[PDB]
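To begin, one chain is listed below as structure tokens, in the form solved without the ligand.
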């Protein structure tokens, strides 16, 4: 019922586990888990694992790896072939579930081979995890979003990913099959738009059509880049480069 009591619960579960493997995204939640795991169990009893895959960009992978090193953790990257699963490859509405299922399976094999007693993730109290037996100790300790912020300040944590990343699957219609090329073309398209000063952007893939989603308050400033964005996204493989009048 108090932050001390919630932090006490978390420390006790970590002390009980002894050795843990932590799924590290770089957000505040996984940052808080990894820093309490290091403080309670020591550097030699925690392994931070960062997933690298086709559904996320090299930038977020590099940023998550370096943040984990900045916390003083031993960090290990692992690559998942999400496109090997037909639910992900053909993008069904259940694609995220099979991606999380494949991710947590790899984490258990790492945890089994480094002697960890559990895989830890960042999930707090607001499926594929429970099937895997991973533990969300923040959620077991009744951490809400405000308690994550309070404890992060108490431990002097200031640096984490403030932008929540989302799988590139969301830029493709459910029917659409994801390939290594159209994913890369979508990823380069969003990265270019971001470099113009639009941090919140989506390039929705509709075969030959790119449908760009921007916050509507930014579209007026965007006009100066229309021609450059058009030709650049066409060089990336789109035939039509369009702007959604509904916005982001």
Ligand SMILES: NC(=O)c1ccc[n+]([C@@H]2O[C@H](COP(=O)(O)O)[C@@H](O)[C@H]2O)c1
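Numbering follows the first chain given and starts at 1.
Heads up, the form deposited with the ligand bound isn't pictured, but that's what we're talking about next.
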Residue within 4.5 Å of the ligand in the bound PDB entry by heavy atom, from 170, 146, 130, 158, is 170
Taking the ligand in the bound PDB entry as the reference, which of 194, 63, 218, 204 has a non-hydrogen atom within 4.5 Å?
204
Taking heavy atoms only, is residue 112 within 4.5 angstroms of the ligand in the bound PDB entry?
no
Do heavy atoms from each of 225, 240 and 243 fall within 4.5 Å of the ligand in the bound PDB entry?
no
Which one, 181 to 189, 35 to 43, 196 to 204, 65 to 73, holds residues whose non-hydrogen atoms are within 4.5 Å of the ligand in the bound PDB entry?
196 to 204
Within 78 to 117, the residues having any heavy atom within 4.5 Å of the ligand in the bound PDB entry are 96
